[PDB]
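Trainee: how would this look folded up:
(chains A, B, C and D, ligands or ions: 36)
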There are 4 protein chains.
Amino acid sequence: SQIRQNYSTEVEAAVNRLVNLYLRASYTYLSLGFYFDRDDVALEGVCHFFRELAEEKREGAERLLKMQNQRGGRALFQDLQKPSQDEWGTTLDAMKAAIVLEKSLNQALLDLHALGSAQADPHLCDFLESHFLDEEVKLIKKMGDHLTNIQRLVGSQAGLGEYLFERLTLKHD
Amino acid sequence: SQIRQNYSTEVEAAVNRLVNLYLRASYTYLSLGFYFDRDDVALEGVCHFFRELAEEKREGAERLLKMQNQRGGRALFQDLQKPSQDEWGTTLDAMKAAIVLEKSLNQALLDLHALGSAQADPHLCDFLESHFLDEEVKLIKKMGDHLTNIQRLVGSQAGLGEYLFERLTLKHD
Amino acid sequence: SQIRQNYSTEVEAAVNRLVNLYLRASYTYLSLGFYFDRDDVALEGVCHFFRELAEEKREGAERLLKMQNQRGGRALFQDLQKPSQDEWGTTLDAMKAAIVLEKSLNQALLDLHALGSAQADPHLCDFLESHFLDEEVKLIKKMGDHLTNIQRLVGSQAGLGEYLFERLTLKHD
Amino acid sequence: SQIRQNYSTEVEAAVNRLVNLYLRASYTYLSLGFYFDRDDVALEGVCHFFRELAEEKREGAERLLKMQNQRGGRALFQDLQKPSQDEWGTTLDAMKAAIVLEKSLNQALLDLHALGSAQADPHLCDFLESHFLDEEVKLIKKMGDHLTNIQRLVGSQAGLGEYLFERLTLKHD
Ligand SMILES: [Pd+2]
Ligand SMILES: [Pd+2]
Ligand SMILES: [Pd+2]
Ligand SMILES: [Pd+2]
Ligand SMILES: [Pd+2]
Ligand SMILES: [Pd+2]
Ligand SMILES: [Pd+2]
Ligand SMILES: [Pd+2]
Ligand SMILES: [Pd+2]
Ligand SMILES: [Pd+2]
Ligand SMILES: [Pd+2]
Ligand SMILES: [Pd+2]
Ligand SMILES: [Pd+2]
Ligand SMILES: [Pd+2]
Ligand SMILES: [Pd+2]
Ligand SMILES: [Pd+2]
Ligand SMILES: [Pd+2]
Ligand SMILES: [Pd+2]
Ligand SMILES: [Pd+2]
Ligand SMILES: [Pd+2]
Ligand SMILES: [Pd+2]
Ligand SMILES: [Pd+2]
Ligand SMILES: [Pd+2]
Ligand SMILES: [Pd+2]
Ligand SMILES: [Pd+2]
Ligand SMILES: [Pd+2]
Ligand SMILES: [Pd+2]
Ligand SMILES: [Pd+2]
Ligand SMILES: [Pd+2]
Ligand SMILES: [Pd+2]
Ligand SMILES: [Pd+2]
Ligand SMILES: [Pd+2]
Ligand SMILES: [Pd+2]
Ligand SMILES: [Pd+2]
Ligand SMILES: [Pd+2]
Ligand SMILES: [Pd+2]
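Mentor: Numbers count the residues shown, from 1 in each chain, chains lettered A, B, ... in the order given. Ligands and ions are numbered 1, 2, ... in the order given. Coordinates below:
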């Protein structure tokens, strides 16, 4: 209790929930990544795109935890539920699932920001702005762009389009 | 009056008060620093920790003054009261006094931010966020950590614990 | 099914279970790390030791998943249960909990190796040997050493001993 | 006979057979490589992929021979039969033939390892593990991945898919 100042029990609880959501997202991306690495799926560009996102979500959770400790709150961890699917279908299906996931994280961030604004907590506000809200927007725009390109490349020749997208948009170094 | 825009007389007065509080804090840290440099106290790690904080508070006051001029307000200086003590007791006593001081500065920042939000002044809001609120949080967490370690090192052997903290946590380059 | 060769359904299931155990361990270390970063605990050496172990357990899970895909098995993820404690007591308590955890992972590795030897699967054997069994042994020896030193430093002056261990054994760069 | 120790006549014979199988494989890859270099086939990415595999199989045979001499066994060479085909069809046909070949080599390695484990010959075991079993697994996963991508790229437009795979997956420096 020695440092805690202007940090409500409600914000503290909502930051712990958000941490669980970011770790859940990280776990979802780990599964997406290993799915595309299956010898019967074998799209390497799609597998590391999803593995970079896993790392990013884990880092987001870690930033939230550091902040919680900086404000004198107490981290409380809960079970992490498994990803929503065991098999993720096509690149199109996966990118759709990813956007749905990012939008749910975005909405949780907005819900937390609204809470902090109602709680008169400008530090929370500035933290969430500078570290999460803009990265989320940029990420969702990128996924939106990917999805449009995937979608354009379907019809008639789906195997061909899925290969070319991975080779020409996704793949790497 | 040629540039001043959306900058109330109330915010202007509160920024001048905050400048006085930061200079008061800087002066308090100058005294803490020279106290630990006394030949009958002689803890050099504690003396420069407090001298870096003096510089930081002075710079915070200077940032506020620059902003006041940028917005077309007018700096007005008042007498600076002397620090609350002439002798600061133990490292434990001093770190406690320092935390009390930072928390009072933090609360003044929150009070100013609330004022600026009530005044519809988003520039003030962004200024205080990006430059003061987060640094204050980080500083108070660091002092909290120090205090916990000091506290742990007492009982039975206080001289020994105060020496070891200065040597092993504080001291320097 | 195009590549899978000499890889039983039993080994595949046991590798998925082991992956869950390594991720659980990683999560346990994340919680231990943030616990020691609390302003009312404030032992930084203990916090990053535990954060390096979190990364190591995550990497172990990832190595297992890559192997599973190399052999044509299918990764299946389950819920990750939360760590066994919300508060981890002293450095001594924490190091004890860590050793218990590593020994349970070690035993799971031995159980999997025995399975693979009973299944006539020399690739599994060589994989587990070269990548997990020796690292586990080395890690447990290191934790054992830490625990002995912690234990030596208690009696009479526990706060002092816990500070000195963190400063002189643990802490860092 | 001056050095030979714990090395059975049965293992020695099986190592000579395995050497013949690796040289046969190397010869098969030499033929696959020159087939794709025909002016009426002309897929350069597919031709050097197969030429790197020829070199790798030759090196595997050479490693086995060196080991045989290290253990005091005697290399005995037999006729090398010609590859199973004179013309290898499409890239798809060829990659399928390659996987069949690697899996037969893998099975021969497992059969030799089982022999050495039944013969109480831990050196053989460690040799085969560290030098052959893992490389074989990794190679077969890579071929599996290739085959999946080839397969995806067929239907309707086979010429186009075979060109794009060679250009975008296979080809080189
Ligand atoms: Pd506290
Ligand atoms: Pd991958
Ligand atoms: Pd990648
Ligand atoms: Pd990847
Ligand atoms: Pd990658
Ligand atoms: Pd990348
Ligand atoms: Pd706000
Ligand atoms: Pd905000
Ligand atoms: Pd704000
Ligand atoms: Pd003016
Ligand atoms: Pd000094
Ligand atoms: Pd100093
Ligand atoms: Pd000094
Ligand atoms: Pd100094
Ligand atoms: Pd310094
Ligand atoms: Pd505002
Ligand atoms: Pd603000
Ligand atoms: Pd604002
Ligand atoms: Pd398969
Ligand atoms: Pd830390
Ligand atoms: Pd550390
Ligand atoms: Pd740390
Ligand atoms: Pd660290
Ligand atoms: Pd380290
Ligand atoms: Pd074995
Ligand atoms: Pd083994
Ligand atoms: Pd073995
Ligand atoms: Pd001999
Ligand atoms: Pd060629
Ligand atoms: Pd080539
Ligand atoms: Pd070639
Ligand atoms: Pd070439
Ligand atoms: Pd090459
Ligand atoms: Pd063996
Ligand atoms: Pd072996
Ligand atoms: Pd062995």
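
Trainee: I'd say residue A:165 and residue A:150 touch.
Mentor: Yes: Residue A:165 lies in contact with residue A:150 (Cβ atoms under 8 Å); the separation is 5.8 Å. All C-beta atoms are positioned from the backbone trio N, CA, C, and that covers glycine.

Trainee: the two: which has the busier surroundings?
Mentor: Using other Cβ atoms under 10 Å in any protein chain shown, the more surrounded residue of residue A:165 and residue A:150 is residue A:165, with 23 against 20.

Trainee: look up phi and psi at the more buried one.
Mentor: The phi and psi values for residue A:165, taken as degrees, to the nearest 10, are phi -60, psi -50.

Trainee: pick out the residue of chain A closest to ligand 30.
Mentor: As assessed by Cβ to the ion, ligand 30 sits closest to residue A:167 within chain A, at 17.3 Å.

Trainee: how many residues are close by that residue?
Mentor: 18.

Trainee: what residues does chain A have near ligand 1?
Mentor: For chain A, the contact set with ligand 1 under Cβ under 5 Å from the ion comprises A:1-2, A:72.

Trainee: by neighbours, which of those residues wins?
Mentor: Sorting the residues of chain A next to ligand 1 by how many neighbours each has (other Cβ under 10 Å) puts residue A:72 first, at 20 neighbours.

Trainee: of all of chain A, which residue lies closest to ligand 21?
Mentor: Closest contact between chain A and ligand 21, by Cβ to the ion, is at residue A:66 (13.3 Å).

Trainee: now for that residue, how many residues are close by?
Mentor: Neighbour count for residue A:66, taken as other Cβ under 10 Å: 14.

Trainee: identify the residues contacting it.
Mentor: Taking Cβ atoms under 8 Å, 6 or more residues apart in numbering or on different chains as the criterion, residue A:66 is in contact with residue C:37.

Trainee: what helix or strand is it on?
Mentor: In the assignment (DSSP states H and E), residue A:66 maps to helix A:44-70.

Trainee: do you know how far the residue of chain A closest to ligand 21 is from residue C:34?
Mentor: Using Cβ to Cβ, to the nearest Å, we find residue A:66 at a distance of 8 Å from residue C:34.

Trainee: in which helix or strand would I find residue A:3?
Mentor: Using DSSP H and E, residue A:3 falls outside every helix and strand.

Trainee: list the buried residues in the following helix or strand past the helix holding residue A:66.
Mentor: Of the helices and strands lying after helix A:44-70 in sequence (DSSP H and E), the nearest is helix A:91-118. Buried positions in helix A:91-118, judged by neighbour count with 16 or more other Cβ atoms under 10 Å in any protein chain shown: A:91-92, A:94-99, A:101-102, A:105-106, A:108-109, A:112-113, A:115-116.

Trainee: and if you look at stretch A:162-173?
Mentor: In stretch A:162-173, counting by 16+ other Cβ under 10 Å, buried: A:162-167, A:169-171.

Trainee: out of the residues of chain A next to ligand 1, who's near chain C?
Mentor: Among those, proximity to chain C is found for A:1-2, A:72 (Cβ under 8 Å from any Cβ of the partner chain).

Trainee: what about the closest residue to residue A:87 other than its chain neighbours, which helix or strand?
Mentor: Nearest non-adjacent residue to residue A:87, counting by Cβ to Cβ, 6 or more residues apart in numbering or on different chains: residue A:35, 6.6 Å away. Assigned by DSSP H and E, residue A:35 falls within helix A:9-36.

Trainee: show me what that helix is packed up against.
Mentor: helix A:44-70, helix A:91-118, helix C:44-70 (3 or more Cβ pairs under 8 Å, 6 or more residues apart in numbering or on different chains; DSSP states H and E).

Trainee: try 10 Å this time
Mentor: helix A:44-70, helix A:91-118, helix A:122-128, helix C:9-36, helix C:44-70 (3 or more Cβ pairs under 10 Å, 6 or more residues apart in numbering or on different chains; DSSP states H and E).

Trainee: one step back: what residues are shared contacts of residue A:165 and residue A:150?
Mentor: A:91-92, A:95 (Cβ atoms under 10 Å, 6 or more residues apart in numbering or on different chains).

Trainee: nearest to chain D, of those residues?
Mentor: Within the shared contacts of residue A:165 and residue A:150, the smallest distance to chain D is 11.1 Å, found for residue A:91 (Cβ to the nearest Cβ).

Trainee: ok, now which ones touch residue A:38?
Mentor: Residue A:38 neighbours (Cβ under 10 Å, 6+ apart): A:47, A:87, C:3, C:68-69, C:72-75, D:141, D:144-145, D:148.

Trainee: that one belongs to a strand?
Mentor: No: per DSSP: H, G, I helix; E, B strand; the rest coil, residue A:38 lies outside any strand segment and is coil.

Trainee: list phi and psi for it.
Mentor: phi -60, psi 140.

Trainee: likewise residue A:155?
Mentor: The phi/psi pair for residue A:155 (degrees, to the nearest 10) is phi 70, psi 120.

Trainee: residues near it, how many?
Mentor: Residue A:155: 8 surrounding residues under other Cβ under 10 Å.

Trainee: for residue A:88, same thing?
Mentor: Counted with other Cβ under 10 Å, residues neighbouring residue A:88 total 24.

Trainee: related to what we said a few turns ago, from residue A:75, how far out is the residue of chain A closest to ligand 21?
Mentor: 10 Å.

Trainee: overlap in contacts, these two.
Mentor: Residues touching both residue A:66 and residue A:75 (Cβ under 10 Å, 6+ apart): C:34, C:37.

Trainee: nearest spatial neighbour of the closest residue to chain C within chain A, chain-adjacent residues omitted?
Mentor: In chain A, the residue that lies nearest chain C is residue A:80 (4.1 Å; Cβ to the nearest Cβ). Nearest residue to residue A:80 in three dimensions, chain neighbours excluded: residue C:80, at 4.1 Å (Cβ to Cβ, 6+ apart).

Trainee: residue A:1 now?
Mentor: Closest to residue A:1 by Cβ to Cβ, 6+ apart is residue A:72, at 7.0 Å.

Trainee: which residues of chain A lie near ligand 19?
Mentor: Contact residues, chain A versus ligand 19 (Cβ under 5 Å from the ion): A:39-40.

Trainee: and chain A, which residues reach ligand 3?
Mentor: A:48, A:172.

Trainee: point me to the residue of chain A nearest ligand 12.
Mentor: Proximity of chain A to ligand 12 (Cβ to the ion) peaks at residue A:3, 23.2 Å away.

Trainee: identify the residues contacting that residue.
Mentor: A:69-72, B:99, B:102-103, B:106, B:137, B:140-145, B:147-148, C:38-40.

Trainee: neighbours around the nearest residue to it once chain neighbours are set aside, how many?
Mentor: The spatially closest residue to residue A:3, leaving aside those adjacent along the chain, is residue B:144, at 3.9 Å (Cβ to Cβ, 6+ apart). For residue B:144, the neighbour count with other Cβ under 10 Å is 24.

Trainee: what does residue A:19 give?
Mentor: 24.

Trainee: roughly how far apart are residue A:153 and residue C:139?
Mentor: Note on residue A:153: its distance to residue C:139, by Cβ to Cβ, is 47 Å.

Trainee: oh, that last question was meant for residue A:26, not what I typed.
Mentor: Counting by Cβ to Cβ - residue A:26 and residue C:139 are separated by 24 Å.

Trainee: so these two - more neighbours on which side?
Mentor: Taking neighbours as other Cβ under 10 Å, residue A:26 and residue C:139 compare with residue A:26 leading, 21 against 17.

Trainee: mind listing what that one touches?
Mentor: Taking Cβ under 10 Å, 6+ apart, one finds A:53-62, A:80, C:58 in contact with residue A:26.

Trainee: go through the helix or strand hosting residue A:140 and flag the buried ones.
Mentor: Applying DSSP H and E as the criterion places residue A:140 in helix A:134-152. Neighbour-count burial for helix A:134-152, counted by 16+ other Cβ under 10 Å, picks out A:136, A:139-140, A:143, A:146-147, A:150.

Trainee: now do stretch A:55-64
Mentor: Under the neighbour-count rule (16+ other Cβ under 10 Å), stretch A:55-64 has A:56-58, A:60-62, A:64 buried.
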